[PDB]
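Trainee: Got a structure here, written out as structure tokens. Questions coming.
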Amino acid sequence: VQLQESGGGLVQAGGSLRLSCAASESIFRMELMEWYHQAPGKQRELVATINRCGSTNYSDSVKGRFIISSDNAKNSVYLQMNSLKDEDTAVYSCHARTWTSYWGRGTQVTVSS
Amino acid sequence: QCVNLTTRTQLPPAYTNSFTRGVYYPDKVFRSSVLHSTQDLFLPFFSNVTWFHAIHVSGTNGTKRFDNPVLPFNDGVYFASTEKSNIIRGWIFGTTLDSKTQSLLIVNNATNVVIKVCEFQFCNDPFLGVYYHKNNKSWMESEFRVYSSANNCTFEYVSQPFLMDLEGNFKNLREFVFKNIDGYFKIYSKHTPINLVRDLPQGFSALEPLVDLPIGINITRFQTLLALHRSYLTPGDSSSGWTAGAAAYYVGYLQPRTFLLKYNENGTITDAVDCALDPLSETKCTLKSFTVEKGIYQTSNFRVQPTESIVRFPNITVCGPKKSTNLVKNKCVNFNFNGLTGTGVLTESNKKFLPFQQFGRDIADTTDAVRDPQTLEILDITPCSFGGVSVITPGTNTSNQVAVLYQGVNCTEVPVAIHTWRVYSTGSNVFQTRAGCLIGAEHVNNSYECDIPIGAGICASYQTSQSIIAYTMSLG
Amino acid sequence: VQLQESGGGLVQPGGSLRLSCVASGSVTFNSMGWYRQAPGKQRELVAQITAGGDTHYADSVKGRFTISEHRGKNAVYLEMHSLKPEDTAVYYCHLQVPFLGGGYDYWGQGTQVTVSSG
Amino acid sequence: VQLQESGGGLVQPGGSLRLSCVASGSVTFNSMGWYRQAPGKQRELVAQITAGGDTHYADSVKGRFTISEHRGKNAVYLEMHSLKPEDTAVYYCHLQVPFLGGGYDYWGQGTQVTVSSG
Ligand SMILES: *[C@@H]1O[C@H](CO)[C@@H](O)[C@H](O)[C@H]1NC(C)=O
Ligand SMILES: *[C@@H]1O[C@H](CO)[C@@H](O)[C@H](O)[C@H]1NC(C)=O
Ligand SMILES: *[C@@H]1O[C@H](CO)[C@@H](O)[C@H](O)[C@H]1NC(C)=O
Ligand SMILES: *[C@@H]1O[C@H](CO)[C@@H](O)[C@H](O)[C@H]1NC(C)=O
Ligand SMILES: *[C@@H]1O[C@H](CO)[C@@H](O)[C@H](O)[C@H]1NC(C)=O
Ligand SMILES: *[C@@H]1O[C@H](CO)[C@@H](O)[C@H](O)[C@H]1NC(C)=O
Ligand SMILES: *[C@@H]1O[C@H](CO)[C@@H](O)[C@H](O)[C@H]1NC(C)=O
Ligand SMILES: *[C@@H]1O[C@H](CO)[C@@H](O)[C@H](O)[C@H]1NC(C)=O
Ligand SMILES: *[C@@H]1O[C@H](CO)[C@@H](O)[C@H](O)[C@H]1NC(C)=O
Ligand SMILES: *[C@@H]1O[C@H](CO)[C@@H](O)[C@H](O)[C@H]1NC(C)=O
Ligand SMILES: *[C@@H]1O[C@H](CO)[C@@H](O)[C@H](O)[C@H]1NC(C)=O
């Protein structure tokens, strides 16, 4: 329920952090799920996406720093951030679309620079 | 005899899910160019199967150990094996796997295949050896260490000679759907060649029956026999086995479900649709087609079930006065007041019964009010809610997202009263209408000429936040 | 049947309680009665309230029992206080429904109350 | 149950016969064999046909038995000539449905052929 995330807060530039959007409904029945972010004063933008088969995509400002993964032992989709810069300060939200779309409330991530 | 290996250590296994696998021919008829709805034991679509590596390296050093734990057996087992050197060899079935209860055995012995049902004394770690060395001529000398002894066997079988293992990515898939019904051992089986894989891939393969065994024994538990490429007396670390047990096997458990199977012209099952997986899949099953056009369709009926049954005879006396346990109100329960039985929600009523009256009936067909024997508080009963369920969809081949309209009910009771698919009732997407409750569609203030008529002046449409929106119809 | 009346809790000497006549609906009456009876002895007249307001009381229950009526829920209350072991009995409330001039009161519905230190 | 069988009858030495394993449908196999068995002796292989085209004959059936196949009718046939009294037996078709590296031949069904002068 709630597809809730557990991770975020204040980080130092060049640090690392883990996000653990975890679901009670089975991870494999999702058939597509992603992470977006809303920047302060800026409209929401997609971070990364993974579908059921295994295809994985990111936006231009995403590749090379943090990748997406999902370990099939506790149903969850992982996005570990590496070497954050100040401009990644935003609210991160995880979305999973079964026969209807399901949403979490996201988490604040702020980099100190 | 038997040989003791090391402890299995109860390793935490990875899991994978079987994307549309393991449907077999249920009946024994020839059907061509038909869509048939079959109710039987099948592996559910997109269900989690548990996968064991044959030989796991608890360390990269070469610390290699078998993974052949004993596993349950409830109404059939879908067993898949992806492997390239016949490392898996057979299975034992039974209830206790000892001398107390009869046990069934299928195994490949080197080249032949043997099936038995006896009082085998299975130990704890059955294995079949196949080692070699370049000097002399060994070429998989083998050890057969499955059972200690067998007595008064009833069913016997042997086949003909064949070939053995090799002293390279063409891993083969072998699938079986072992089920035991009416004292039989229906073994549905199918082999397929695949290459360039690491796990079981997504695909479709109808499974054809292979043999029925008249066995008639009680079956609850089963194991798996694994071919060892080593010897416990001189156990090697690495390269002794087959690439650290890359060959592996997956187990899933069947459930009683309803499927829609698409027999093409040739009689070969090509596609299947699992009714109880989605609203859309139920719509397909009710319309008896694989594609559905735009509109709303009434699939099934949602009914609140009574939670617990209560009684209320306690007049207080004469004969044998009984008790009633407790009394619950504002809750849809099964009630028996002085022998009047029914289901409903009981509520406190402001009607004033005359002193000599017991029950009332304002509708002339159902007693809408009743007087409680213990305390003279007068309770009116209201039937538990119900209504049709309509699935609002755009074109099936435009998008697979649908919305669900529970007709003629408020949805402070929908997620719990009914027991299939689950809603989870996200706060924003449970918009309430006059015609019922809408699940899976958002609200938009804008007005448009309305596509799909929902009711009471509300219509829904598709926009690329859920993709389906509901709004108030505009006249132009 | 008509009306109904039961329930009440055990008490110890010197305690207090408020017996209540279960609201059975609107019924015509002129005098609500409260009788008390214990095994081995006859029923005795305890507390009488008249529709006008007359309050008849036995000599043994003077200054300890208060009888009142509430017409909103149509129930007559007996507050019993300064209790002694002589109150160990069953209490019965009788109605007043006129019959042929008056008859068939409704005391059949009762409550058991015992006043003891243990 | 799969395959079915029929055909074959009593003959006289020096004659000819066309034994047939009636094909029950398109099935996948590699080694399709004809077997014989007479009472008092074990069941020995008569002949075998492989998918590729290798045809294996026993020693005693050289120059007198020939195995053929028809993919269109999917059936396997045995032209057996040079009848001898020793050829009396029940004949079988052992199949090669691939099971777990090979197994489950379907030879349980037989066909009776007796070679005698009377
Ligand atoms: C499938 O895997 C999840 C974890 O990935 C586990 O919690 C669940 O119990 C599994 N389902 C079955 C049917 O084993
Ligand atoms: C093998 O070891 C286990 C564990 O100590 C023991 O219970 C079992 O009896 C042993 N088996 C034999 C045949 O010695
Ligand atoms: C054996 O493997 C472990 C990890 O599995 C590793 O830490 C260790 O260094 C290895 N030792 C040797 C001798 O390979
Ligand atoms: C395998 O075991 C069966 C058991 O009866 C036996 O008949 C067969 O000859 C064995 N084969 C080999 C190669 O040991
Ligand atoms: C060599 O192989 C033969 C099998 O023909 C066996 O009888 C013999 O015992 C073997 N000798 C050794 C030393 O392994
Ligand atoms: C087989 O043997 C077991 C004990 O060895 C015995 O209990 C059982 O009755 C036997 N079965 C038959 C059919 O006689
Ligand atoms: C099989 O055995 C179990 C106990 O191990 C028992 O509960 C069950 O009823 C048995 N099945 C039958 C069909 O008797
Ligand atoms: C039916 O099967 C045969 C053989 O597998 C194939 O040649 C034929 O094309 C199939 N029918 C259709 C319509 O493809
Ligand atoms: C179905 O798909 C075809 C092409 O794949 C497309 O042209 C058509 O518009 C789709 N159906 C609907 C109702 O849009
Ligand atoms: C359900 O909705 C109706 C709509 O008018 C409302 O009257 C009713 O109070 C609601 N029920 C609950 C339990 O909120
Ligand atoms: C827009 O919709 C919201 C609810 O989604 C509603 O509260 C608001 O009144 C609407 N605006 C107008 C102008 O009707």
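In chain B, numbers come from Swiss-Prot; the residues present are 14-180, 184-332, 523-625, 632-676, 689-700, in order.
Heads up, header says this was done by electron microscopy, 3.4 Å.
Placed from the backbone N, Cα and C atoms, the Cβ positions cover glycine too.
According to Swiss-Prot, the record shows the following:
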| type | residues | note |
| --- | --- | --- |
| DISULFID | B:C15-B:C136 | disulfide bond |
| DISULFID | B:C131-B:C166 | disulfide bond |
| DISULFID | B:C291-B:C301 | disulfide bond |
| DISULFID | B:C538-B:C590 | disulfide bond |
| DISULFID | B:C617-B:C649 | disulfide bond |
| DISULFID | B:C662-B:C671 | disulfide bond |
| CARBOHYD | B:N17 | N-linked glycosylation site |
| CARBOHYD | B:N61 | N-linked glycosylation site |
| CARBOHYD | B:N74 | N-linked glycosylation site |
| CARBOHYD | B:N122 | N-linked glycosylation site |
| CARBOHYD | B:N149 | N-linked glycosylation site |
| CARBOHYD | B:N165 | N-linked glycosylation site |
| CARBOHYD | B:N234 | N-linked glycosylation site |
| CARBOHYD | B:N282 | N-linked glycosylation site |
| CARBOHYD | B:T323 | O-linked glycosylation site |
| CARBOHYD | B:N331 | N-linked glycosylation site |
| CARBOHYD | B:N603 | N-linked glycosylation site |
| CARBOHYD | B:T676 | O-linked glycosylation site |
| REGION | B:67-80 | region 'Disordered' |
| REGION | B:142-164 | region 'Disordered' |
| REGION | B:246-262 | region 'Disordered' |
| REGION | B:280-301 | region 'Putative superantigen' |
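Each of the listed features needs to be described in terms of its position in the shown structure.
Mentor: There are 16 other Cβ atoms within 10 Å of the Cβ belonging to B:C136 (disulfide bond). Under the three-state DSSP scheme, B:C136 (disulfide bond) falls in the coil class.
The Cβ of B:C166 (disulfide bond) has 13 neighbouring Cβ atoms from other residues within 10 Å, across all protein chains displayed.
Around B:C291 (disulfide bond), the same-chain residues at least 6 positions away in sequence with a Cβ under 8 Å from its Cβ are B:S50, B:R273, B:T274, B:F275, B:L276, B:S297, B:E298, B:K300, B:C301. In this structure, B:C291 (disulfide bond) is part of a helix by DSSP.
According to its DSSP assignment, B:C538 (disulfide bond) is in a strand.
Listed in sequence order, B:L611, B:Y612, B:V615, B:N616, B:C617, B:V620, B:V642, B:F643 are the same-chain residues six or more apart from B:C649 (disulfide bond) with CB atoms under 8 A from its CB.
In the three-state DSSP assignment, the secondary structure recorded for B:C662 (disulfide bond) is coil.
Classification of B:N17 (N-linked glycosylation site) by DSSP places it in coil, neither helical nor stranded. A sphere of 10 angstroms centred on the C-beta of B:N17 (N-linked glycosylation site) encloses 9 other C-beta atoms.
Residues near B:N61 (N-linked glycosylation site) in space but far in sequence (CB under 8 A, at least 6 apart, same chain), listed by position: B:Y28, B:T29, B:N30, B:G268. Secondary structure at B:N61 (N-linked glycosylation site), as computed by DSSP, is strand.
In the three-state DSSP scheme, B:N74 (N-linked glycosylation site) is classed as coil. Applying an 8 A CB threshold to same-chain residues 6+ apart, the list for B:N74 (N-linked glycosylation site) reads B:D253, B:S254.
Long-range Cβ proximity for B:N122 (N-linked glycosylation site), meaning a same-chain Cβ under 8 A and a gap of 6 or more residues, is found for B:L141, B:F157.
Within the same chain, no residue at least six positions away from B:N149 (N-linked glycosylation site) has a Cβ under 8 Å of its Cβ. DSSP assigns B:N149 (N-linked glycosylation site) to coil in the three-state reduction, outside any helix or strand.
In the three-state DSSP scheme, B:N165 (N-linked glycosylation site) falls into the coil class. The local packing around B:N165 (N-linked glycosylation site), expressed as other Cβ atoms within 10 Å of its Cβ over all shown chains, amounts to 6.
Listed in sequence order, B:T108, B:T114, B:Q115 are the same-chain residues at least 6 apart in sequence whose CB falls under 8 Å from the CB of B:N234 (N-linked glycosylation site).
Taking the Cβ of B:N282 (N-linked glycosylation site) as centre and 10 Å as the limit, one finds 10 other Cβ atoms among all the protein chains shown.
Packing around B:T323 (O-linked glycosylation site) is summarised by its Cβ count: 14 other Cβ atoms lie within 10 angstroms of its Cβ, all protein chains included.
In the shown protein chains, 14 other C-beta atoms lie within 10 A of the C-beta of B:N331 (N-linked glycosylation site). Secondary structure at B:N331 (N-linked glycosylation site), as computed by DSSP, is coil.
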Trainee: May I ask you to pick out the recorded positions among B:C15, B:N61, B:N282, B:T323, B:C617 with a CB closer than 8 angstroms to chain A's CB atoms, ordered by sequence, or 'none' if no residue qualifies?
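Mentor: Near chain A - Cβ to Cβ under 8 Å - we find B:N61.
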Trainee: When the Cα of B:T323 (O-linked glycosylation site) is compared with the Cα of each of the recorded positions B:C131, B:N331, B:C590, which one is closest?
Mentor: B:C590
Trainee: Just to verify a number: CA distance, B:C15 (disulfide bond) to B:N331 (N-linked glycosylation site), in angstrom, no decimals.
Mentor: 71
Trainee: For the recorded positions B:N17, B:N122, B:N234, B:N331, B:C538, which residues place their CB under 6 A from an atom of ligand 7?
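Mentor: By the Cβ criterion, which requires under 6 Å to ligand 7, the hits are B:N234.
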Trainee: With helix taken as DSSP H, G or I, strand as E or B and everything else coil, how many residues of the region 'Disordered' (B:246-262) land in each class?
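Mentor: Per-class counts: 0 helix, 0 strand, 17 coil.
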Trainee: Within 10 Å of the Cβ of B:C662 (disulfide bond), how many other Cβ atoms can be counted across all chains shown?
Mentor: 18
Trainee: Near the region 'Disordered' (B:142-164), which residues from the same chain, at least 6 beyond its ends, have a CB less than 8 A from one of its CBs?
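Mentor: For the region 'Disordered' (B:142-164), the nonlocal Cβ contacts are 14-16, 105, 118, 120, 122-123, 129, 131-136, 177-178, 180, 241, 243-247.
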